[PDB]
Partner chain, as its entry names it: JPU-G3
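Next up: just one chain, as C-alpha cells, the form deposited without its partner chain.
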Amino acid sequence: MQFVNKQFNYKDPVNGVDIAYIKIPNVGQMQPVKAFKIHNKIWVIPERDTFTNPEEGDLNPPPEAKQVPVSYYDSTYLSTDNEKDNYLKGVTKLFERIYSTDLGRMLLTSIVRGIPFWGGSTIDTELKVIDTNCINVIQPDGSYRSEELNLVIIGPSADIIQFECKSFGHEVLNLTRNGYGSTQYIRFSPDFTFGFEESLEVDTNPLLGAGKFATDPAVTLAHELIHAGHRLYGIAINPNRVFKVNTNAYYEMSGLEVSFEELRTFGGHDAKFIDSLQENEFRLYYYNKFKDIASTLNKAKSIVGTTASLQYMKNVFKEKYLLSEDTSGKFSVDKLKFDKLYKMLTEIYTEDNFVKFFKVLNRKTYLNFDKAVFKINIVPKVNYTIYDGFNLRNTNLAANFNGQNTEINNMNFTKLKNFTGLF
C-alpha cells in the first residue's frame, strides 16, 4: 500500500479537508499557511518554521557567531511555489520509502496510533482534550474548525540544516515525559543532506575528510520520526540527562555532551552507553506514568466535546498504551505488554536498524563530526527512488553504495559548506 494516497501538487485548489490554509494554535499570531494532510493525523506544511518559537521569526543570522560551524543559512530557500512543490513531493517520497520497509510500516503505525492523551481536564471524572494538540483548518465556508493531529512536517527556520523536534508544552504537564504525548513538529527538509566519511577513524575525527558519502535523507527523516515517536508516547528521556562522551578524546577535550535520548534514537553500540541501572530507572519511571493514565481513564465518567464518544476515546487510549480492558470496567497495565511496547519504541525503532532495512551506507555512530552538507533534488526518479534511494538498480550506482558516493555520483550533489576545520 501507499502511505500517501493523493499525489499533491502545491498549486492544487484548497478544499478545507486535506488541502487548506491553517493556523498553528499557540503560535501567538500568524497568517494562514497552506497545509497538506498526507495521512490520517499527519500534515505537511511546506514553509520555513517562523511559527513554533517566538524567538525564531527571521531567516537571517543573528549576532551569533563562533558557536555553530555546522550550520547553513539561506533566506530564499523554500520561498517560491516551485520549491514548495518539490519540498512536499520530497517529503511524500521519503514517507513512502519509510513505508516501503517493515520497520517503517511499524513505526508509522505506532505514530498514527499515538494520539496525544486527553488530559486537559481538571475534574477527575471528565476526559478533556489538550487544546494545543490540534490545528485550525479553514473550511470552504470561511470559518475555522479545530482538528486533532499527531505529526507535522515543517520546513527549517533560519538555520536550514538544524532539523529538530518541536512541540508545545503545558503549564503543568511535561507532555513528552509523562506518557501523554503531544503533537510533534519536525523541522525537516528533503533538499539538503549531510556528508560522512566511510572510515570510522576519519568520521569521528574533526580534522579529516570532506564528506565522500552522503546521508540518505530517508534515514534522517526516520531518525526524527523515532524521536517524535517517543515524544508522542510521552517516554522521551529528559534532555538534561546526558552522557559524558569518554570514547572520543576530541569530545572530552571540548567537554561535548550527548543526550541519552539521541543515543537511544540512534541505537547500535551507542545505545549501550546508557548503563543498565538508569536504563531500568526510566522503564520503571514510565511504567508508573502509563498506569495512572489507566487510573485517569478509570476516574473519568464524562467526555467533553462532541467529536467522539467516551467509549471510543477510552478504546483509543487502551489501544495506544496497550492497556488491558477487562470487564471490571477498569483499565490495567500489563508489565509484559508495557515492556513489549516500550522496547518497540526504543530498541526496535532506531536509526541503526533503518540502515539495515534500506541497505544504505551511514554514519556508524552519533558521536562523530559532520563534514559537509550538499544540495540535492531527490524528486526526479532518475536521481532517487522509493525503493533504492540514490543507488538505482540495474545501473552503475546500485553497487557499493555508489549512489551515495558524492564523487562517483557527482551530478546528484553540490557541496555548499565544509564543516572540516571549523571545529
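Residue numbers count along the first chain shown, from 1. C-alpha atoms forming the largest set that superposes within 1.5 Å between two forms make up the rigid core.
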query	finding
Other PDB entries, at least a third, lacking residue 248	yes
Third-or-more of other entries without residue 209	yes
Stretch with the greater mean C-alpha B-factor as recorded in the entry, comparing 60-68 against 384-392	60-68
Average Cα temperature factor in the PDB entry - higher stretch of 135-143, 93-101	135-143
Among 303, 108, 235, 88 - the residue whose C-alpha B-factor is largest in the record	303
Largest Cα B-factor, entry values, listed residues 330, 113, 166, 84	330
Third of the chain's Cα B-factor distribution that residue 47 belongs to, per the entry	lowest
Ranked against its chain, the third holding the CA B-factor of residue 291	highest
Residue 362 by Cα B-factor - lowest, middle or highest third of the modelled chain	middle
Ranked against its chain, the third holding the CA B-factor of residue 221	lowest
Chain thirds of CA B-factor: placement of residue 200	lowest
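The next section is about a form of this same protein that is not shown, the form deposited with its partner chain bound.
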item: Touches its partner chain in the bound PDB entry: residue 230 (any heavy atom, 4.5 Å); value: no
item: Distance check, residue 169 to its partner chain in the bound PDB entry, heavy atom within 4.5 Å; value: yes
item: Residue 174: touches its partner chain in the bound PDB entry, heavy atom cutoff 4.5 angstroms; value: yes
item: Contact of residue 27 with its partner chain in the bound PDB entry (heavy atom, 4.5 Å); value: yes
item: Whether 126, 329 and 332 all lie within 4.5 angstroms of its partner chain in the bound PDB entry by heavy atom; value: no
item: Within 4.5 Å of its partner chain in the bound PDB entry: residues from 49-81 (heavy atom criterion); value: 52, 53, 54, 55, 60
item: Flag for residue 67, CA shift 2 Å or larger between this form and the one not shown after aligning core; value: yes
item: Closer or farther: C-alpha pair residue 67/residue 255 in the bound PDB entry, relative to this form, given a change of 3 Å or more; value: farther
